[PDB]
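Quick heads-up: the structure tokens below are two forms of one chain, split into structure 1 and structure 2.
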Structure 1
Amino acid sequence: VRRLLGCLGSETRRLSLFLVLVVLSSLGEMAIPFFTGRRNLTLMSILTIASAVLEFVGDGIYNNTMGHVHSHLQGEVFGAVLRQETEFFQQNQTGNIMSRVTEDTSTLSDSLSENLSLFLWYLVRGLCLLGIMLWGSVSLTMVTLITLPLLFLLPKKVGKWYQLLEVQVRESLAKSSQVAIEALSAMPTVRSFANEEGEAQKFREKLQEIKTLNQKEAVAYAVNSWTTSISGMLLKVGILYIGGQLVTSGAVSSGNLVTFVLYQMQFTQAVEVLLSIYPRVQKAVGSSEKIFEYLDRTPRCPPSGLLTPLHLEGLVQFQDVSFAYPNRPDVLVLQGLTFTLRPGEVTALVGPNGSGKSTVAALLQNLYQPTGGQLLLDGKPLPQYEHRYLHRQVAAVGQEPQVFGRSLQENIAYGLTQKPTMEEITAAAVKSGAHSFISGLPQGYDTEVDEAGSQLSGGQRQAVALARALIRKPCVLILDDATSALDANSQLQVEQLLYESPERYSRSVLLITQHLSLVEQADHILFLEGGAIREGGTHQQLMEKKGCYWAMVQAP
């Protein structure tokens, strides 16, 4: 329960001020008939307008503080999610993560805000009502403070039941969200197969799983509401039974037990409401179980280094690199990789489907850590470089490039520290060949591209991706199946970029493609099959050495 108090510690100054106003309002509402002032009587007018100002002031501070707490908590959860490793984002889908961040944080904050106000109101009300109990009748205040802990036994035992039902409900809410977003993201494919009823049945399966638990949270509340109001009746009646005996057998204080009766009933009323909070506290613990697991989870990735050299060259060395995917170990995707990249030289990686060419590209971008030998960049390992500096020097395209839903000038310049200059954007688009069709758009670079690039053609989404990677002046360039469906002007621009550009000596390029025209001109060709390098050398040497590469090129 103490884990929930971590998020409230940032606003202890404002909460303490609200606590002082709570005490003043509670004291004034109790010692009000004690004075009664001892145009005939404007006493009620000044009393009400004073009790309304303090109510408005106290509500303003509490609402502002609760707004600041909720906004701060949601930001910290999303920050801790994005800090985790790449394998974490594969075990949990995007539907689950959105539900934990957006739904669970709002549910926990709403439950905490509505309960903290009336808990502090009735704690100081019960404490101030108890202070007027010790002097009204001393002998009857000890019997009601030893029977009071007997009522806490049942909520303590059944408290675990509430949070066990809550973790299953939040799990079912997240699973239904994942079904909805996955269907809506791929609507043209769903309609093309006429599978609207299949998605409806999948959504209805999750909703009926919610219903079989939400009945159990309705019977539980009805049972709890009985036992939290019968114990209150047993406390208030049992005082009268002992009180009746003291009148006729004990002292002659029957005129003093009269003032105890009214205060006992109001004290009982404060206890029952204060006892109706504990099931809601355990409900809030169950709702926030998952997001509190994300917050303190240590990522299984090495931390960012501190080295940031001014002058760097693209000398990448592989030294017996073997990698197996973390979600399925002991199946070596790579085996004994050993090759070097040098500046000004283009290396072409070719092979059948499923060889592991895209796995090598993922390793070179520090997405995964190899389980074998070292992977050195300029003589130093990849985790020793700063996070924002390593990904500036090393840039890639990807097999299926992704474009975000904003303007193209904000898409080519994505990720850049600072904000690149406009001419820069046009310079990269001209170099990548995308400037031919950008100028054909009515608004130019201001055309907000829709989600998943629906308004963009086939080869256009790879021309923007090529321009995005080239705008940061990378030291190592990776082309992952980008030059397969490019236009004639873009293909000529790629050939000039790879083999005829003046800045060719500045960077080292790793080329992964099936286009034999670009492969035949590469300085080094590596054949990858089964996770190991089969043959290596130039295009002429591979033809002369005969074998695997010869059979692939001579298939047509």
Structure 2
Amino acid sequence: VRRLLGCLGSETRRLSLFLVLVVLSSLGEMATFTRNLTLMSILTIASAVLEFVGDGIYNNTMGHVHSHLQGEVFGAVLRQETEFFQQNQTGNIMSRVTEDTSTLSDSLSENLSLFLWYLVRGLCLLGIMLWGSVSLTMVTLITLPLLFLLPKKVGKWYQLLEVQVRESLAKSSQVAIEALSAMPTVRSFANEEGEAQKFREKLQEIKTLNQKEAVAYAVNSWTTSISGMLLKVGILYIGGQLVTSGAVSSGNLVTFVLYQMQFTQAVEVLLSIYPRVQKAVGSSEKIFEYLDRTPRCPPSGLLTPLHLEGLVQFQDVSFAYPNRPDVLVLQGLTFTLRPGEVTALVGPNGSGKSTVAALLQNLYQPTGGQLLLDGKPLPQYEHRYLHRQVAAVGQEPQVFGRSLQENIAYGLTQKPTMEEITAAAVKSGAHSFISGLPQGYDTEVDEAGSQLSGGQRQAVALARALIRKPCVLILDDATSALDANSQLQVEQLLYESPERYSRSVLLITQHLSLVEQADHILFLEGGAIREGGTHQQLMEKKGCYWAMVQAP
């Protein structure tokens, strides 16, 4: 339970004031026409003002706690390694971040105030009973801890049940998200019924768990009521027998039982709180696992040199994906990218080219060998610096639901001027169609970028890469959707632009006509480099590259 209370350490200076107000109000409650009328009005006004101030302070503190907890959980989620987001799907993570925290905060805010109020009132009633009689109240205090044994034994049930409820809800949310996205694919195969059946199958588990929750709630209500009744009746019985012997007084016992009535009511409420606390502990297991998780990736470095060449060296690099470590995807790659040159990486599908592009972006760490940028490992550079010096397009580019101005300038720390965005769009070839839009660069695109065509989206993705002026540029099949005219832009960018001397380019494509002018060509098959050299050198070899070109 200490994990839940750990997050409240930043609000003690306010919760102590709230406690002072509530105890003062509790003590105040426990303890000629003009004269009698004024006093009641003053008392009521004082009580109302005190209650108002206490409620305001408590609500403000709880809202701050909720916001801070949600922000911390999301920030902890974003720090995890790359393969963490393949084990956990988007809907699951979204449900954990946005729903579990809200439920935990709601439970905490609803139960803490009730606990404190009834605890203070019970203490006051206990003091009054101490005044009334010492022996009988000592008997009550002796028999009181016996009531909490049943809750202690049962409590683990609520945790284990609530965990399952949360998991089922997250699975249903994942199904709903994955169905609602990519709706044209569902529509074009008439599969709405299948998606509905999936969602219903996920709802059935929640229904089954809800039945158990209802039964447990009824049983707990029975147990609490019987415990209160037994506690009251035992004291009543012992008192009714003690009075006969004459060792006590009738009026004192009457007053003692009259207050014992209320003390048992407070005890019943405090017994009711415990299962809710167990439920809350159960519901927050996954988010606290997220918070306390240790990322399995090296942290950011410190280097941010003013001068960087863009010299990249692969030294016997081999890699295997963490979700399937038994199979090596790359085996002993050894090649160098130098500024002012274009290196082409070609081969069949599934050979590992995009894996090489992902390694070069520090998304994954090699299982063997070294991968150096200007003689130093990638993890030694600072994050936002390294990802400005190295930029990539991606095989199927993804854009965000913002304006075209923000999509191009995405990720930059300082906002570039519109003159720079226009230059980047001109160089990428996307300036032609953006100027035709009624809103120009302020046009908002949908979250999937579906309002653009494929070639337009690819041109926007290329402009997004160029604006940073990277020293290492990675073109992962950036020519796939571009038409005949737009390929000339890429050709000029690669081989004729005056800025080509400042950067090294890694060109990955299946369009081998673009490769003829490359300084070096690497043929990758089965995860290993087979041939290397220029276009003419590979042509004279009559090997794999020559066979691939002469396929038609």
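Take the two forms, superpose them, and find the largest set of C-alpha atoms that agree within 1.5 Å; that set is the rigid core. All residue numbers here refer to structure 1's sequence, counted from 1.
Following superposition on the rigid core between structure 1 and structure 2, the residue from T513, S26, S490, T65 with a C-alpha displacement of 2 angstroms or more is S490, and no other. Taking the core as the reference frame, the CA atom of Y241 shifts 1.2 angstrom between structure 1 and structure 2. The Cα position of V252 changes by 4.2 Å between structure 1 and structure 2 once both are aligned on the rigid core. Core superposition places the C-alpha of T447 0.6 Å apart between structure 1 and structure 2.
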